[PDB]
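Residue numbers (full-length UniProt numbering), protein chains in the order written: chain A, 462 to 480, 490 to 510; chain B, 1095 to 1144; chain C, 9 to 27, 38 to 147; chain D, 153 to 211, 225 to 228.
For each residue, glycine too, the CB sits at the ideal point set by N, CA and C.
Below is one structure, written out as structure tokens, with a few remarks after it.
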Amino acid sequence: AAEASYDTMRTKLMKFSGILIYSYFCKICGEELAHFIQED
Amino acid sequence: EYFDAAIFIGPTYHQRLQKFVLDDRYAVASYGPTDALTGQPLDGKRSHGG
Amino acid sequence: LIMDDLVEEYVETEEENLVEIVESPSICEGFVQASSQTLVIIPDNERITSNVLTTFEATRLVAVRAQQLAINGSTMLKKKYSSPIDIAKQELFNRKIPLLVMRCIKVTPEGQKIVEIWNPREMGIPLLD
Amino acid sequence: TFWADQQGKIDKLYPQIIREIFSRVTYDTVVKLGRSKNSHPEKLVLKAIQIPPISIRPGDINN
Ligand SMILES: [Zn+2]
């Protein structure tokens, strides 16, 4: 709803991060939060 | 069991060519680096996708 | 001073040889939408296409049915199969497939899409089992 | 670059002058010369060019 960017969402969602897959997954429900293959 | 025919067996010099299957083989999943222009996967194993 | 990454200038040489009046109205310029078509279904006794499904048509029917059973799954089949592909294949073989095959014979300039509608449950099936 | 040669009188045909020339062409002349009404020569001179979407110039063509 805030119309945040993908990088902003990835940075903010880097609190539920658990634990080549290229994807972060939730520490609680194991859902795809975002992906990081390469930074542009 | 012995073969009915005598078999030609002897020392032959052989060379291992430096084409290793471990370096040539490649398998990729549905994710990885994509070209920023076309959105298509990158090129080959070296780019880790394609 | 030495640059290596040259771009190799590109050349085309074979030239092509394709063989009142007012500014513009709202009709000649524009109207890209293309007029809507009416579906002229050929009567069943006037159909000239084969009464046998082609392997393309049967394969497409099975693929569509199996993809629909992927999201749905309410099936009229008697025997239970554990894959949507097998279920769709048996539906085609048991003549219970809920799909129809439309063969667009011609699109007329006047705006008619002349088609033949074929029922796969009264058609010859060329697939293997 | 186009040059106007009037019996040795040399003057440069600038795109503004070319647009002035092309804007005087009627659609009747365009049609009678085998061109479409969408191919009027007035479109051959651009006062507002299109910068392409960034999707085709990712972060050289932007230089
Ligand atoms: Zn979660």
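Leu1136(B) and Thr21(C) have their C-alpha atoms some 33 angstroms from each other.
The Cβ atoms of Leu145(C) and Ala76(C) sit closer than 8 angstroms to each other.
For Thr77(C), the three-state secondary structure derived from DSSP is helix. When DSSP states are grouped into helix, strand and coil, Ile103(C) belongs to the helix group. Counting only runs of at least 3 residues, the segment 44-71 of chain C fully encloses the following beta strand (DSSP E) elements, listed from N- to C-terminal order: 56-59. Under the DSSP assignment, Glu172(D) falls outside any beta strand (DSSP E), being part of the alpha helix (DSSP H) whose first and last residues are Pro167 to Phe174.
Counting only Cβ-Cβ distances below 9 angstroms, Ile507(A) has contacts in chain B at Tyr1125, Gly1126, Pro1127, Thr1128, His1142 and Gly1143, in chain order.
Counted as a single uninterrupted DSSP element, the beta strand (DSSP E) harbouring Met120(C) occupies residues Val119 to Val125. Segment contact: the segment 46-57 of chain C against the segment 121-137 of chain C, three or more CB-CB distances shorter than 8 angstroms; contact assigned. Taking C-alpha positions only, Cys46(C) is separated from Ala465(A) by approximately 46 angstroms.
For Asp1118(B), the enclosing alpha helix (DSSP H) begins and ends at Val1115 to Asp1118. For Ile480(A), the Cβ stays outside the 7 angstroms cut-off from all heavy atoms of ligand 1.
In terms of CA proximity to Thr126(C), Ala52(C) leads the group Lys114(C), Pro138(C), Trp136(C) and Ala52(C). At least one heavy atom of ligand 1 falls within 7 angstroms of the beta-carbon of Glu501(A). Residue environment: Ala106(C) is assigned as buried (16 or more neighbouring CB atoms within 10 Å of its CB, all protein chains considered). By the CB criterion at 8 angstroms, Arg121(C) and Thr67(C) fall inside the cutoff.
Non-local beta-carbon contacts of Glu502(A) in its own chain, meaning distances under 7 angstroms to residues more than five positions away in sequence, involve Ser493 and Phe495 in chain order.
Within the chosen limit of 7 angstroms, ligand 1 reaches the beta carbon of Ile498(A) through at least one heavy atom. Beta-bridge analysis with DSSP links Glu134(C) to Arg121(C).
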